[PDB]
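Each step along the sequence shown adds one to the number in the numbering used here, with nothing skipped, and position 44 is 49.
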Amino acid sequence: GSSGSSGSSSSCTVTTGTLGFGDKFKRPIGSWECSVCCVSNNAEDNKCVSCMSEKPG
Ligand SMILES: [Zn+2]
């Protein structure tokens, strides 16, 4: 137990140490899985449809 804040607030993120891709994400070869919304997109489509974000790469 540690004190020093307003109201007990449990966190999930690792303090004093941030990581990336904590888990795996099933994505197709051709198409590309968005990151902001993580919605299916069209390889040819240089943008998203759910968030309309520019395709990475
Ligand atoms: Zn998107």
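The beta carbon of each residue, even a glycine, is placed where N, CA and C say it ideally should be.
- In chain order, the residues positioned with their C-beta nearer than 6 Å to some heavy atom of ligand 1 are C39, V41, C42, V44, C53, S55, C56, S58.
- DSSP places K31 outside both helix and strand once states are collapsed to three, so it counts as coil.
- Beta-bridge analysis with DSSP links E49 to no other residue.
- Cβ contact annotation for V41 (same chain, cutoff 8 Å, sequence separation greater than five): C53, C56, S58, in chain order.
- DSSP places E38 in the coil class of the three-state scheme, outside both helix and strand.
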